[PDB]
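Source file: input.cif (mmCIF, N, CA, C and O atoms)
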data_my_file
#
loop_
_atom_site.label_atom_id
_atom_site.label_comp_id
_atom_site.auth_asym_id
_atom_site.auth_seq_id
_atom_site.Cartn_x
_atom_site.Cartn_y
_atom_site.Cartn_z
N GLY A 1 119.28 -99.70 -73.59
CA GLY A 1 119.32 -100.09 -75.02
C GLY A 1 117.98 -99.89 -75.70
O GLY A 1 116.98 -99.61 -75.03
N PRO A 2 117.92 -100.04 -77.03
CA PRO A 2 116.69 -99.83 -77.81
C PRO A 2 115.58 -100.80 -77.44
O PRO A 2 114.40 -100.51 -77.60
N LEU A 3 115.96 -101.96 -76.93
CA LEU A 3 114.99 -102.97 -76.52
C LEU A 3 114.84 -102.97 -75.00
O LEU A 3 114.26 -103.89 -74.42
N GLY A 4 115.36 -101.93 -74.36
CA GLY A 4 115.26 -101.82 -72.92
C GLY A 4 116.61 -101.86 -72.24
O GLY A 4 117.65 -101.81 -72.90
N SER A 5 116.59 -101.95 -70.92
CA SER A 5 117.81 -102.01 -70.14
C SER A 5 117.79 -103.25 -69.25
O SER A 5 118.55 -103.36 -68.29
N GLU A 6 116.91 -104.18 -69.58
CA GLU A 6 116.77 -105.41 -68.82
C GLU A 6 117.55 -106.54 -69.49
O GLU A 6 117.63 -106.61 -70.72
N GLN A 7 118.12 -107.42 -68.68
CA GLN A 7 118.91 -108.53 -69.18
C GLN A 7 118.16 -109.84 -68.97
O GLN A 7 117.61 -110.08 -67.90
N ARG A 8 118.14 -110.67 -70.00
CA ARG A 8 117.47 -111.97 -69.92
C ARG A 8 118.45 -113.06 -69.51
O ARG A 8 118.05 -114.17 -69.16
N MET A 9 119.73 -112.74 -69.55
CA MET A 9 120.78 -113.69 -69.22
C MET A 9 122.06 -112.94 -68.88
O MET A 9 122.68 -112.33 -69.76
N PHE A 10 122.45 -112.99 -67.62
CA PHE A 10 123.66 -112.31 -67.18
C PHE A 10 124.88 -113.17 -67.49
O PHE A 10 125.22 -114.08 -66.73
N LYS A 11 125.53 -112.88 -68.61
CA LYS A 11 126.67 -113.67 -69.06
C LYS A 11 127.94 -113.20 -68.38
O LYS A 11 128.75 -112.50 -68.98
N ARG A 12 128.11 -113.60 -67.12
CA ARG A 12 129.27 -113.21 -66.32
C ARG A 12 129.39 -111.69 -66.26
O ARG A 12 130.42 -111.12 -66.61
N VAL A 13 128.32 -111.06 -65.82
CA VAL A 13 128.25 -109.61 -65.75
C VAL A 13 127.44 -109.22 -64.51
O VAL A 13 126.62 -110.00 -64.03
N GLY A 14 127.69 -108.02 -64.00
CA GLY A 14 127.05 -107.59 -62.77
C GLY A 14 125.63 -107.11 -62.97
O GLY A 14 125.16 -106.96 -64.10
N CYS A 15 124.95 -106.84 -61.86
CA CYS A 15 123.57 -106.36 -61.87
C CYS A 15 123.43 -105.06 -62.66
O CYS A 15 122.35 -104.74 -63.17
N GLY A 16 124.53 -104.31 -62.76
CA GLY A 16 124.51 -103.05 -63.47
C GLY A 16 123.94 -101.92 -62.63
O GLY A 16 123.79 -100.79 -63.09
N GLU A 17 123.63 -102.23 -61.38
CA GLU A 17 123.02 -101.26 -60.48
C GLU A 17 123.95 -100.88 -59.34
O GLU A 17 124.24 -99.70 -59.14
N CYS A 18 124.46 -101.87 -58.62
CA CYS A 18 125.19 -101.60 -57.39
C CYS A 18 126.62 -101.16 -57.67
O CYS A 18 127.18 -101.49 -58.72
N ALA A 19 127.20 -100.41 -56.73
CA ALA A 19 128.55 -99.86 -56.86
C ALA A 19 129.55 -100.89 -57.37
O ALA A 19 130.24 -100.64 -58.36
N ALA A 20 129.62 -102.04 -56.71
CA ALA A 20 130.57 -103.09 -57.04
C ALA A 20 130.53 -103.48 -58.52
O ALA A 20 131.56 -103.74 -59.13
N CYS A 21 129.34 -103.53 -59.10
CA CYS A 21 129.20 -103.89 -60.50
C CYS A 21 129.55 -102.71 -61.42
O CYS A 21 129.68 -102.88 -62.63
N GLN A 22 129.70 -101.53 -60.84
CA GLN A 22 130.18 -100.37 -61.59
C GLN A 22 131.71 -100.36 -61.54
O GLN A 22 132.37 -99.91 -62.48
N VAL A 23 132.24 -100.86 -60.44
CA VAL A 23 133.67 -100.95 -60.22
C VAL A 23 134.25 -102.07 -61.08
O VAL A 23 133.63 -103.12 -61.22
N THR A 24 135.41 -101.84 -61.67
CA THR A 24 136.02 -102.85 -62.53
C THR A 24 137.35 -103.35 -61.96
O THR A 24 137.72 -104.51 -62.16
N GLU A 25 138.06 -102.49 -61.25
CA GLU A 25 139.35 -102.84 -60.68
C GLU A 25 139.28 -102.82 -59.16
O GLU A 25 138.23 -102.60 -58.57
N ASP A 26 140.41 -103.08 -58.53
CA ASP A 26 140.51 -102.99 -57.08
C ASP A 26 140.35 -101.53 -56.64
O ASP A 26 141.09 -100.65 -57.08
N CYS A 27 139.34 -101.28 -55.82
CA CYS A 27 139.04 -99.94 -55.33
C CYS A 27 140.21 -99.35 -54.53
O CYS A 27 140.33 -98.14 -54.40
N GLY A 28 141.05 -100.23 -53.99
CA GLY A 28 142.21 -99.79 -53.23
C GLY A 28 141.89 -99.41 -51.80
O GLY A 28 142.72 -98.80 -51.13
N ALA A 29 140.69 -99.74 -51.32
CA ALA A 29 140.32 -99.41 -49.94
C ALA A 29 139.68 -100.57 -49.18
O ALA A 29 138.93 -100.35 -48.24
N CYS A 30 139.97 -101.81 -49.57
CA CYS A 30 139.53 -102.96 -48.79
C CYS A 30 140.73 -103.59 -48.12
O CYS A 30 141.80 -103.64 -48.72
N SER A 31 140.56 -104.09 -46.91
CA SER A 31 141.61 -104.83 -46.23
C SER A 31 142.20 -105.89 -47.16
O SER A 31 143.40 -106.17 -47.14
N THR A 32 141.34 -106.45 -48.01
CA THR A 32 141.74 -107.46 -48.96
C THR A 32 142.41 -106.86 -50.20
O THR A 32 143.50 -107.28 -50.58
N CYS A 33 141.78 -105.86 -50.85
CA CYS A 33 142.33 -105.32 -52.10
C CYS A 33 143.56 -104.44 -51.87
O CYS A 33 144.13 -103.89 -52.81
N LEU A 34 143.95 -104.27 -50.61
CA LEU A 34 145.24 -103.67 -50.30
C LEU A 34 146.33 -104.72 -50.46
O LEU A 34 147.50 -104.40 -50.67
N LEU A 35 145.93 -105.98 -50.39
CA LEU A 35 146.84 -107.11 -50.53
C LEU A 35 146.93 -107.57 -51.99
O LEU A 35 147.24 -108.73 -52.26
N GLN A 36 146.67 -106.66 -52.92
CA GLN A 36 146.73 -107.00 -54.34
C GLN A 36 148.18 -107.00 -54.80
O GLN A 36 148.77 -105.94 -55.04
N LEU A 37 148.75 -108.18 -54.89
CA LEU A 37 150.11 -108.34 -55.39
C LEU A 37 150.11 -108.29 -56.91
O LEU A 37 149.57 -109.19 -57.56
N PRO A 38 150.70 -107.23 -57.49
CA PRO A 38 150.73 -107.04 -58.95
C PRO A 38 151.56 -108.10 -59.65
O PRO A 38 151.35 -108.40 -60.82
N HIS A 39 152.51 -108.68 -58.92
CA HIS A 39 153.33 -109.75 -59.45
C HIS A 39 152.63 -111.08 -59.24
O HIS A 39 153.11 -111.96 -58.51
N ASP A 40 151.46 -111.22 -59.85
CA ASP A 40 150.67 -112.43 -59.72
C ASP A 40 151.20 -113.51 -60.66
O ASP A 40 151.43 -113.25 -61.84
N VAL A 41 151.41 -114.70 -60.13
CA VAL A 41 151.99 -115.79 -60.91
C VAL A 41 151.06 -117.00 -60.92
O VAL A 41 151.51 -118.13 -61.10
N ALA A 42 149.78 -116.76 -60.75
CA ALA A 42 148.80 -117.84 -60.70
C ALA A 42 147.55 -117.46 -61.48
O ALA A 42 147.54 -116.46 -62.19
N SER A 43 146.51 -118.27 -61.37
CA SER A 43 145.26 -118.00 -62.04
C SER A 43 144.09 -118.32 -61.10
O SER A 43 143.36 -119.29 -61.31
N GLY A 44 143.95 -117.51 -60.07
CA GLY A 44 142.90 -117.71 -59.10
C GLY A 44 143.00 -116.71 -57.97
O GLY A 44 143.02 -115.50 -58.22
N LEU A 45 143.07 -117.22 -56.74
CA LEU A 45 143.19 -116.39 -55.54
C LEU A 45 141.92 -115.59 -55.27
O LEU A 45 141.59 -114.65 -55.99
N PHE A 46 141.21 -115.95 -54.21
CA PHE A 46 139.97 -115.28 -53.84
C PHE A 46 140.26 -114.03 -53.01
O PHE A 46 139.35 -113.41 -52.46
N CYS A 47 141.54 -113.67 -52.94
CA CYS A 47 141.95 -112.47 -52.23
C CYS A 47 141.88 -111.27 -53.16
O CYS A 47 142.88 -110.86 -53.76
N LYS A 48 140.68 -110.71 -53.29
CA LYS A 48 140.46 -109.59 -54.19
C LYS A 48 139.50 -108.58 -53.58
O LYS A 48 138.89 -108.83 -52.54
N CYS A 49 139.41 -107.43 -54.22
CA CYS A 49 138.52 -106.35 -53.80
C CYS A 49 137.09 -106.85 -53.63
O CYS A 49 136.46 -107.32 -54.57
N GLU A 50 136.59 -106.73 -52.41
CA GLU A 50 135.24 -107.16 -52.08
C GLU A 50 134.20 -106.18 -52.61
O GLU A 50 133.01 -106.34 -52.37
N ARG A 51 134.67 -105.17 -53.32
CA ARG A 51 133.77 -104.27 -54.03
C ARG A 51 133.70 -104.67 -55.49
O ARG A 51 133.40 -103.87 -56.36
N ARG A 52 134.04 -105.93 -55.74
CA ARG A 52 133.81 -106.54 -57.04
C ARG A 52 132.67 -107.53 -56.91
O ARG A 52 132.10 -108.00 -57.89
N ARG A 53 132.36 -107.83 -55.67
CA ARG A 53 131.26 -108.72 -55.32
C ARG A 53 129.98 -107.91 -55.18
O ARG A 53 129.92 -106.96 -54.39
N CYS A 54 128.97 -108.28 -55.95
CA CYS A 54 127.69 -107.58 -55.98
C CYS A 54 127.12 -107.40 -54.57
O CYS A 54 127.03 -108.35 -53.80
N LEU A 55 126.72 -106.17 -54.25
CA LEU A 55 126.13 -105.85 -52.95
C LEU A 55 124.70 -106.37 -52.86
O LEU A 55 124.16 -106.53 -51.77
N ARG A 56 124.11 -106.62 -54.01
CA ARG A 56 122.77 -107.16 -54.10
C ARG A 56 122.76 -108.22 -55.18
O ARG A 56 122.18 -108.01 -56.24
N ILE A 57 123.46 -109.31 -54.92
CA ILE A 57 123.63 -110.39 -55.90
C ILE A 57 122.30 -110.82 -56.50
O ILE A 57 121.52 -111.55 -55.86
N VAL A 58 122.04 -110.36 -57.71
CA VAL A 58 120.80 -110.67 -58.41
C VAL A 58 121.07 -110.97 -59.88
O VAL A 58 120.14 -111.10 -60.68
N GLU A 59 122.34 -111.09 -60.24
CA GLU A 59 122.73 -111.36 -61.61
C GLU A 59 123.19 -112.81 -61.76
O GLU A 59 124.21 -113.10 -62.40
N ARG A 60 122.43 -113.72 -61.18
CA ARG A 60 122.79 -115.13 -61.17
C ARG A 60 122.43 -115.80 -62.50
O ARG A 60 121.54 -116.66 -62.56
N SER A 61 123.12 -115.38 -63.55
CA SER A 61 122.94 -115.93 -64.89
C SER A 61 121.50 -115.74 -65.38
O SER A 61 121.17 -114.63 -65.85
#
If you took the structure in this file and wrote it as structure tokens, what would it be?
Amino acid sequence: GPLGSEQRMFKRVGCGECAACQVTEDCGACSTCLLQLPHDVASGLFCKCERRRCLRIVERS
């Protein structure tokens, strides 16, 4: 951006660097994200693509 590419506050957003934070959906190649039931009837479930989890968690708000 015009004021740089650094973030002063990660508002529920990824590091912007690692693959996982580039990925937005289930990559379709994790033992877990293969278990993505499209007929979801809840609002939670930690059973999701582990390539949504930052490989270098540094965006802690």
Query raised in the report: Quick one, how far is CA of residue 5 (chain A) from atom O of residue 26 (chain A)?
Result: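 Taking CA of residue 5 (chain A) as the start and atom O of residue 26 (chain A) as the end point, the length is 26.7 Å.
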Query raised in the report: Quick one, how far is CA of residue 51 (chain A) from CA of residue 4 (chain A)?
Result: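 Distance between the two atoms: 26.6 Å.
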Would you compute an axis-aligned box for region 5-22 of chain A, covering every atom listed for it in the file with 3 Å of margin on each side, and report centre and edge lengths in Å to one decimal as JSON?
{"center_x": 124.5, "center_y": -106.9, "center_z": -63.8, "size_x": 21.8, "size_y": 20.5, "size_z": 20.2}
Query raised in the report: When the PyMOL selection byres ((chain A and resi 50) around 8) is applied to the file above, which residues end up in the set, as a list in words?
Result: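 With the shown file as input, the PyMOL selection byres ((chain A and resi 50) around 8) matches residues 20, 25, 26, 27, 29, 30, 31, 32, 33, 34, 46, 47, 48, 49, 51, 52, 53, 54 and 55 of chain A.
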Requested in this report: Please identify all polymer residues within 6 Å of residue 10 (chain A), counting only C-alpha atoms, omitting same-chain residues fewer than 3 positions from it, and present them as a PyMOL selection string.
Outcome: chain A and resi 13+59+61
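In this model, the gap between atom O of residue 56 (chain A) and atom N of residue 28 (chain A) comes to 20.5 Å.
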Check the DSSP output for the backbone and give back, as a PDB file with N, CA, C and O atoms, keeping the file's coordinate frame, the residues of chain A in helix (DSSP H, G or I).
ATOM      1  N   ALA A  19     127.200-100.410 -56.730  1.00  0.00           N
ATOM      2  CA  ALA A  19     128.550 -99.860 -56.860  1.00  0.00           C
ATOM      3  C   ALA A  19     129.550-100.890 -57.370  1.00  0.00           C
ATOM      4  O   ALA A  19     130.240-100.640 -58.360  1.00  0.00           O
ATOM      5  N   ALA A  20     129.620-102.040 -56.710  1.00  0.00           N
ATOM      6  CA  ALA A  20     130.570-103.090 -57.040  1.00  0.00           C
ATOM      7  C   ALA A  20     130.530-103.480 -58.520  1.00  0.00           C
ATOM      8  O   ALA A  20     131.560-103.740 -59.130  1.00  0.00           O
ATOM      9  N   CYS A  21     129.340-103.530 -59.100  1.00  0.00           N
ATOM     10  CA  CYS A  21     129.200-103.890 -60.500  1.00  0.00           C
ATOM     11  C   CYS A  21     129.550-102.710 -61.420  1.00  0.00           C
ATOM     12  O   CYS A  21     129.680-102.880 -62.630  1.00  0.00           O
ATOM     13  N   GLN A  22     129.700-101.530 -60.840  1.00  0.00           N
ATOM     14  CA  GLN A  22     130.180-100.370 -61.590  1.00  0.00           C
ATOM     15  C   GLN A  22     131.710-100.360 -61.540  1.00  0.00           C
ATOM     16  O   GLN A  22     132.370 -99.910 -62.480  1.00  0.00           O
ATOM     17  N   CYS A  33     141.780-105.860 -50.850  1.00  0.00           N
ATOM     18  CA  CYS A  33     142.330-105.320 -52.100  1.00  0.00           C
ATOM     19  C   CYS A  33     143.560-104.440 -51.870  1.00  0.00           C
ATOM     20  O   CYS A  33     144.130-103.890 -52.810  1.00  0.00           O
ATOM     21  N   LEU A  34     143.950-104.270 -50.610  1.00  0.00           N
ATOM     22  CA  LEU A  34     145.240-103.670 -50.300  1.00  0.00           C
ATOM     23  C   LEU A  34     146.330-104.720 -50.460  1.00  0.00           C
ATOM     24  O   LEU A  34     147.500-104.400 -50.670  1.00  0.00           O
ATOM     25  N   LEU A  35     145.930-105.980 -50.390  1.00  0.00           N
ATOM     26  CA  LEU A  35     146.840-107.110 -50.530  1.00  0.00           C
ATOM     27  C   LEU A  35     146.930-107.570 -51.990  1.00  0.00           C
ATOM     28  O   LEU A  35     147.240-108.730 -52.260  1.00  0.00           O
TER      29      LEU A  35
END
